[PDB]
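Accompanying notes for the structure given below.
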Amino acid sequence: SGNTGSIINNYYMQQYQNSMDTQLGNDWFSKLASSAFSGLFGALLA
Amino acid sequence: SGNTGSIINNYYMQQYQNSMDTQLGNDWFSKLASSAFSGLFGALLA
Amino acid sequence: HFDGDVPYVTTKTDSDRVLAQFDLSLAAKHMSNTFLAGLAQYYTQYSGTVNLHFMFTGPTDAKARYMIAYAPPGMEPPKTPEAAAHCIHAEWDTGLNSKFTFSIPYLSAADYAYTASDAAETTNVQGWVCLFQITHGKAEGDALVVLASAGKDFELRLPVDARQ
Amino acid sequence: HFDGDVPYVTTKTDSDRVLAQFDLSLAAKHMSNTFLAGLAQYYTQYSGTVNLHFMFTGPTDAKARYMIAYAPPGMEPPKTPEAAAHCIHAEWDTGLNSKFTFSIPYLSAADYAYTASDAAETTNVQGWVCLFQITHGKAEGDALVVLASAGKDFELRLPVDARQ
Amino acid sequence: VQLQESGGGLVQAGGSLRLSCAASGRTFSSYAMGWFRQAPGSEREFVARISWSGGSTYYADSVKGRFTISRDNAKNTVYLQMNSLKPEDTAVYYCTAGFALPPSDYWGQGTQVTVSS
Amino acid sequence: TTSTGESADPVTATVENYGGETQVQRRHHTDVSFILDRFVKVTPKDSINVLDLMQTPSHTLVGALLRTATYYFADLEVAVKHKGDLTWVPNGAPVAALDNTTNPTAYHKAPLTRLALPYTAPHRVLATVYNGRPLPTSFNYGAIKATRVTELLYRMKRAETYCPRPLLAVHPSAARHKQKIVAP
Amino acid sequence: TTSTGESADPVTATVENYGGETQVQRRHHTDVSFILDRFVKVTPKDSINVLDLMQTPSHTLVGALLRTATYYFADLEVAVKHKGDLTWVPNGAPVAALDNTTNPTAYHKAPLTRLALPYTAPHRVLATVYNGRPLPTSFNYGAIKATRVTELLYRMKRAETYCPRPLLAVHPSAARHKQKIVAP
Amino acid sequence: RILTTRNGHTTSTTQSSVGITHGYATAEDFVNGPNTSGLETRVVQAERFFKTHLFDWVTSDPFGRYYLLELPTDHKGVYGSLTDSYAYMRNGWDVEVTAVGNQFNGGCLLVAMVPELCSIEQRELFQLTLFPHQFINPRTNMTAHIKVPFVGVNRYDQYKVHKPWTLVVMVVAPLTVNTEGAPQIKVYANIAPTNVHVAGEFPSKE
Amino acid sequence: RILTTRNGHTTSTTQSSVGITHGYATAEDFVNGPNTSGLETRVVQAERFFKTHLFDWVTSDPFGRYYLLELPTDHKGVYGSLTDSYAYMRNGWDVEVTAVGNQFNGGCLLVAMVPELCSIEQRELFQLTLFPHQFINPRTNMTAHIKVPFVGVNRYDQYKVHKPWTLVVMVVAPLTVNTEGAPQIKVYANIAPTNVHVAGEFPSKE
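If you read the sequences in order, they're chains D, D', C, C', E, A, A', B and B'. A prime marks a further copy of an entry chain. Mind the numbering: the first sequence is residues 15 to 39, 65 to 85 in the entry's author numbering, read in order. Mind the numbering: the second sequence is residues 15 to 39, 65 to 85 in the entry's author numbering, read in order. The third sequence begins at 56 in the entry's author numbering and counts up one residue at a time. The fourth sequence begins at 56 in the entry's author numbering and counts up one residue at a time. Mind the numbering: the fifth sequence is residues 5 to 86, 86A to 86C, 90 to 121 in the entry's author numbering, read in order. Mind the numbering: the sixth sequence is residues 1 to 132, 157 to 208 in the entry's author numbering, read in order. Mind the numbering: the seventh sequence is residues 1 to 132, 157 to 208 in the entry's author numbering, read in order. The eighth sequence begins at 13 in the entry's author numbering and counts up one residue at a time. The ninth sequence begins at 13 in the entry's author numbering and counts up one residue at a time.
Below, the structure written as structure tokens:
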């Protein structure tokens, strides 16, 4: 995900090298930028 | 089991790196704590 | 652990119904002798419920009725049972069963809370718990022993060697 | 950012119809306060379109008509709308909609262009953009606020720590 | 919320002193009040306590019966009446406010007391 | 392309209006996790150094891009050049703990020592700006102690950012900002 | 939740009584094998040092948590900084044996030397407290000798504990125990 | 005879208990009326116990000693603030009264929830059992527990000018210590609202 | 362009409106966390508008004139009392700002909900559009309307020591009357909490 160049598996368990995430129960800004209006608001001529 | 981060097999036989256990013929406290009574002893109202 | 260095609190007859009152922390002086506060000193953070056990020791002819309550942080803790009655609380009295068990909730902004008590902390961050005596029949001089142990969800993490 | 340190340019009545004129670069003084030119300082090179947003602030009884234009490098930028009319340009006027959006093309020999402005560069390599006021009904003293943000294809690469 | 001790000084054995502590910034009648003493070179030790109601007290054993703690909620102050003073009692006496059985938090700066013999 | 500016809805016009054609973009170098993963220097203190991402200078590439998000999360990698034994301590542990070899301790091995540290704070996500100038003591990855530390570096891993904030460039006096660019 | 206290049967009341909801727990950090696996410092002696887990200070994290179980089992890892040749000897072997290079001997290689040692005692499981102040000579992992040993560390592996014992914290003078916590 | 009562996050436990007495109905009547236009709302956080002192019950008290307590009373919790933020309220009462001597005391008490209590006559006390009640007999129980709904000539009431319920505690038999009992018995109450509903926000003071 | 906003029993209507701007998310994140043990509750009656004055926007104000308003503020309604009865709260903000001249006035305003606002630099205002916003251009709209969720490093916050949101209103272009406009424009705000949740009742003062 970040800057990592190893094509082989990390020697240490995923549980050590990193902190383990938990769950409960570009996300916003890319979903915002994808809705940008590229059109023309008025009638086109020629 | 303990704190170990290797995702690859230990280079030395299990017989060397550790002492080998033997057999004959959280165990108690987790089996104790799992029997804790969470209930209400008397009748419930509302 | 209480005043006089005894693990119990005796019923009192006077206008003062506050039986015992102390911070909720694992660094408190009251908790200091427990096993639960024994492990705490080796870990930085905790979460979950801490259970308190009460056992009335008095004779069969004496009856009393008690109130335990949780005072969350941000306001001075209650000095009277009528003031505390608005908090989270339980109430029980003496009888055939001698023991009562009360779960003190884990309620905080951050998902975990420090075990140690920082010197720059004037007022407890986790609030207080307060134990009151509503009334007592003929209970003068009778003892209530209290105990503490982890709850179901009590969780403790990040080991550290603090000396101690 | 404009003269008087205000993020807008006011309509003017005189023979001079050049409303605002500045280099196209992410090191320009005008762009300096934007967020877009905020990231630039940490990257060496960029490519793609940079969008400009115009919003007319004047009262409902005032009407004006504007021209934005792109002057590519190699020749002095235009000092009159009639001279600029040969460049790439757009033209809009005030009305129900208060906002106009104009995409400044990425047009260069090399596929990427430096963010920073080299001290040995006398004349901007990416050319200029020019904003003109064609005419104005009763618009004296009325403000036009301008905004800038990345386009669809705007791309930025090669991170570097330049201090700053 | 700040406390200020006073009433310290010098005395000779068998004498008596009355320490004074003023509280500020919040309700004084909601707090328990107590005194700590740090003898020089020893760590600081506990002295005495008074509940907000003035009803209940507790005394350190060495000071038990020699000293008497009292508070005034009207005057927003608390008092330690020291009697039958003894050269051991030389220490800085900190005034403490608080909730807990021991008052703990919210300390004053403490006053100096030296009994001589 | 005209629209209502007061809407604040994003409107991106394209070159196809006057007859251009939009090209292809490759944005890898602006990716948050990519751009923030690298070492940045922090001026150390002789013995005890609390690990804090706000100690990075604000003008550095890692410092500036960090401060543009109110709420950030990431692991940490440190690179330290020190004398003696480098001792690390988790968040919220007493200062008296740094003297215990039981806590993670890296014996001196030249030239320097690199560690990887987990996100140890209690808060679900940390913050660059806090409303309450000071930032709460609970924001930190812990501290490190050594006989003396000559250099200290921070490298963020798995960075995640939220709620962007202003990012400022240098304000030129002239019409442009002219710097001397590397040339043969 | 009322019950008979004299029963000693564990009774855990929950927040659902007054209408709360119990949350999820992750206890990994309190796991016995996990928490006890790490190095702890022991003040060495110039030449001969008998490997004993009770030499660890009682207030250290590994020392304290060890002493809370009457009966413990584990392997051992040592980390030693020494001059000369570090010679190890199994349990119950004569002291005159430490002078033989035939016994396991680690030639000096800077900065230090790490070994892994098996559980060598005859007893099925060792003990922190023995009823018979002294503990029997048969409790030890053996000894190590070198020209001089500068530092010594113990790391337990596969730890197993039995019959818990009191674990004490520091007793505050005031209402709380106030320490200076790491802050920026 | 163990009974645990939970309201909100608050609880009470009684090892000597005779059970619950449901006054006048088992469950509330229709909450949503034509008079509020459906602008009423239920306040969940307001339902929980609060404690108050009643009196001290001593041997000198003869038969007929009675103590009125009108509900709602002055309340400094959430339930009190509601009364100032809403012009119309309703709720039921879950009442619990506790008098602890030891089992060697004697005498008896009668607690009752009396709707619309104004100047009850002395003779009228002999019939006081008509209202919901329980006896507190120190020989047996230390606790009396009563649940009653909201009553009134209106579907929502204004607690400033009207108090629908009045808790009354009467001495049916005088106390006797018999040398083994408590010298006197103090009487406390632990009361929680139920089914609170409000309407008609006031403006503020500012 | 007519828009009617109803919160609780309160409403607002605007005939000149550009629509709503949803900050940072369309809907609240998970309310029930591990940290409260499920003792949180939703307060329905607390969600409704309240009005406050901001400033007077006059021709003399140059570019850069800004007004901070920190949220939550002093509130004498139900929402204010909660802050004193509960030690942990959370909520989203639905904000509306109104500046009425006539359509012959000129100049423009920028309103924004800025999380964690501490001492924003003068130059930093040029990038202020990064936060949720709308322009008030008297040529077009008299009203700006913004909806934002609860943000913070904690799932519940203590509003005594922390204010997560700060409403800021900046002058991007100075006012011009042009003789047909209002001489000055007053700026008001109409704000309602959303998705309020509370936990941890305090004791009372008595």
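Think of the CB as a built atom: it goes at the ideal place given N, C-alpha and C, for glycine as much as any other residue.
- Boundaries for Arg151(B'): no alpha helix (DSSP H) harbours it, and the DSSP string shows neither H nor E there.
- Looking at the DSSP output, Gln203(A) sits in a beta bridge with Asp173(C').
- At a cut-off of 8 Å between beta carbons, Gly19(D') contacts chain D.
- Residue burial is scored here from C-beta neighbours: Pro44(E) has fewer than 16 other C-beta atoms within 10 angstroms and is therefore classed as exposed.
- The continuous stretches of beta strand (DSSP E) do not include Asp69(C), and DSSP gives it neither H nor E.
- In the displayed model, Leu151(C') falls within coil according to three-state DSSP, outside both helix and strand.
- Identification of residues in the region 123 to 155 of chain B having a C-beta nearer than 7 Å to some C-beta of chain A' yields an empty set.
- Judged by DSSP secondary structure, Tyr71(A') falls within the beta strand (DSSP E) whose first and last residues are 69 to 83.
- Where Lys63(B') is concerned, the enclosing beta strand (DSSP E) starts and stops at 62 to 69.
- Taking 8 Å as the cut-off, the beta carbon of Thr101(A) is found no closer than this to the beta carbon of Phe34(A').
- Pairing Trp69(B) with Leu83(B) gives a Cβ-Cβ distance that is not under 8 Å.
- Contact annotation for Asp58(C) against chain E: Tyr62, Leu105 [CB-CB distance below 7 Å, chain order].
- Close to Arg48(E), with beta-carbon spacing below 8 Å, are these residues of chain A' in chain order: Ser197.
- Around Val208(B'), the same chain offers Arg54, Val55, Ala58, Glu59, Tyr91, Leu94, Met101, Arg102, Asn103 as residues with beta carbons nearer than 8 Å, after the five sequence neighbours per side are excluded.
- The continuous stretches of beta strand (DSSP E) do not include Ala72(D'), which lies in the alpha helix (DSSP H) extending over residues 67 to 72.
- DSSP places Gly166(A') in the strand class (E or B) of the three-state scheme.
- Not one beta carbon of chain A' lies nearer than 8 Å to the beta carbon of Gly212(B').
- In the DSSP assignment, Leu186(C) forms a beta bridge with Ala75(C), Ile123(C).
- Under DSSP, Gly5(A') takes part in no beta bridge, so it has no partner.
- Interface criterion not met: the Cβ of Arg54(B) is under 8 Å from no Cβ in chain A'.
- Distance from the CA of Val51(E) to the CA of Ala167(A'), rounded to the nearest whole angstrom, comes to 51 Å.
- Contacts between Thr102(A) and chain C, judged by CB atoms closer than 7 Å, involve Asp216 in chain order.
- For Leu115(A) and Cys187(A), the gap between their C-alpha atoms comes out near 30 Å.
- In terms of CA proximity to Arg189(A'), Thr70(A') leads the group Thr70(A'), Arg179(A'), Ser58(A'), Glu77(A').
- Remark: C-beta atoms of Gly196(C) and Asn114(B) do not approach each other more closely than 8 Å.
- Only residues of its own chain outside the window of five on either side were considered, and among them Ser97, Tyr98 have a CB closer than 7 Å to the CB of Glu213(B'), listed in chain order.
- Beta-bridge pairing by DSSP links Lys41(A') to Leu177(A').
- Within the model, the alpha-carbon separation for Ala104(E) versus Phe155(C) is close to 23 Å.
- Proximity of chain A to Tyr169(C) at the Cβ level (cut-off 7 Å) is accounted for by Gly92, in chain order.
- Counting only runs of 3+ residues, the beta strand (DSSP E) found wholly inside the region 104 to 188 of chain B occupies 118 to 127, 145 to 148, 155 to 160, 177 to 188, in chain order.
- The DSSP-derived three-state label of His108(C') is strand.
- Pairing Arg75(E) with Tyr83(E) gives a Cβ-Cβ distance under 8 Å.
- The beta carbons of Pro107(E) and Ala36(E) sit closer together than 8 Å.
- Counting only the Cα atoms, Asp148(C') lies some 9 Å from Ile189(C').
- Within the region 19 to 37 of chain A', the residues whose Cβ lies closer than 8 Å to any Cβ of chain B' are, in chain order, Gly19, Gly20, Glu21, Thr22, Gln23, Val24.
- Bounds of the beta strand (DSSP E) holding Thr81(E) are 81 to 86A.
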